[PDB]
Student: 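Right, I'll just put the structure down here and ask away after.
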Amino acid sequence: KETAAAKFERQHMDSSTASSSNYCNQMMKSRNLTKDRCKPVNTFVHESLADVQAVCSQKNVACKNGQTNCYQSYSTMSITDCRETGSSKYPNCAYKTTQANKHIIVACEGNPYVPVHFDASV
Amino acid sequence: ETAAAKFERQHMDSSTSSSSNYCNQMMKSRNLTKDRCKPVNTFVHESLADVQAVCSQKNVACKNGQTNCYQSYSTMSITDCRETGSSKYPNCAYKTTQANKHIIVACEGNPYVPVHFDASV
Ligand SMILES: O=c1ccn([C@@H]2O[C@H](CO)[C@@H](O)[C@H]2O)c(=O)[nH]1
């Protein structure tokens, strides 16, 4: 079974760095987020894996689900928000791509202690 | 020739989505039979951007033990070319096999791009 950490990397890491309007259409397809359904909302982080994993050593904050293993990045990070358009219809999943620089909040667990869930961008 | 250009020449064929003569023609036309009959070679029938994106997908160990290999999350249309038993340089003969598989490539450089085709799974 895919680990939670591996799932986080597949769903949310794109360290190669989004300039195009079609970025989300291609990425969402390439990360298997459109196979059975259009994942409506997703965020990709364009920092190194090492910088993102380091967030697990930064600001401890509550998770939306009430657990206490969430962490906010001290710095802002280059991210892209992908949100399915109002007219998007599976299997032709269409997304709006929005670039931003925001702090991320992830849940961390395991050994190595790394992100396993994307909680929010702030 | 940069390593990235060498990877495109050796392994990219996006124009195709492959006949029984496909490998015989392609192995010759991409200079993979110039010095010797290259024994095994894979061509990928995806866009360059799609193959390049693999360098940000699933990090996996390379066959040589290096750590810079990446497996595609999605399957990709590929053709494997394998030299026949009767093939004798310089008339290199190949069996052509179409498949849809995850690919594993090694990436290097800035930009971080594919420079080696490691395997299909
Ligand atoms: O499935 C495979 C296995 C190997 N090779 C080629 O054969 C070389 C040696 O294995 C590799 O660098 C690569 O160019 C392929 O093209 N496809």
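First the proteins, then the strands, lettered A, B, ... as listed; each starts at 1. When a ligand or atom number is given, it counts from 1 through the structure's own listing order. Every heavy atom of this structure was used, including side-chain atoms; hydrogens, water molecules and symmetry mates were not.
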Student: What protein heavy atom sits nearest atom 4 (C) of ligand 1, and how far off is it?
Tutor: B/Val40 CG1, 4.3 Å

Student: N/O of B/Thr42 under 3.5 Å from N/O of ligand 1, yes or no?
Tutor: yes

Student: Around atom 12 (O) of ligand 1, find the nearest protein heavy atom and jot down its residue, atom name and distance.
Tutor: B/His116 CE1, 2.9 Å

Student: Quick one: nearest non-hydrogen protein atom to atom 11 (C) of ligand 1, plus distance?
Tutor: B/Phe117 O, 3.5 Å

Student: Provide, to 0.1 Å, the distance between atom 14 (O) of ligand 1 and the closest protein heavy atom, together with that atom's residue and name.
Tutor: B/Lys38 NZ, 2.6 Å

Student: Is there at least one pair of N or O atoms, one from B/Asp80 and one from ligand 1, spaced under 3.5 Å apart?
Tutor: no

Student: Let's test your reading of the model: do B/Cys37 and B/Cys92 have SG atoms under 2.5 angstrom apart?
Tutor: yes

Student: Quick check on atom 1 (O) of ligand 1 - does any protein heavy atom sit closer than 4.0 Å to it?
Tutor: yes

Student: Establish, yes or no, whether a centroid distance under 6.0 Å links the rings of A/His46 and A/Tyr23.
Tutor: yes

Student: Over 60° means perpendicular and under 30° means parallel, so classify the ring planes of B/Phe7 and B/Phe117, tilted if in between.
Tutor: parallel

Student: Closer than 4.0 Å and a protein heavy atom, does any atom meet both conditions relative to atom 6 (C) of ligand 1?
Tutor: yes

Student: Scan side-chain atoms only and decide if A/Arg31 and B/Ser56 contain a donor-acceptor pair under the 3.5 Å cut-off.
Tutor: yes

Student: For B/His11 and ligand 1, answer yes if some heavy atom of the residue is under 4.0 Å from a ligand atom, otherwise no.
Tutor: yes

Student: Take A/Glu47 and A/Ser78, measure what side chain to side chain donor-acceptor pair (under 3.5 Å) needs, and give me the verdict at the end.
Tutor: CA-CA 7 Å; A/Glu47 304 294 336; A/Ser78 173; 4.8 Å; no

Student: Should B/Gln10 be counted as touching ligand 1, given the test is an N or O pair under 3.5 Å?
Tutor: no

Student: Is it true that B/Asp50 and A/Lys29 make a salt bridge, defined as a side-chain N closer than 4.0 Å to a carboxylate O?
Tutor: no

Student: Regarding B/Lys95 and B/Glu83, does a basic nitrogen lie under 4.0 Å from an acidic carboxylate oxygen?
Tutor: no

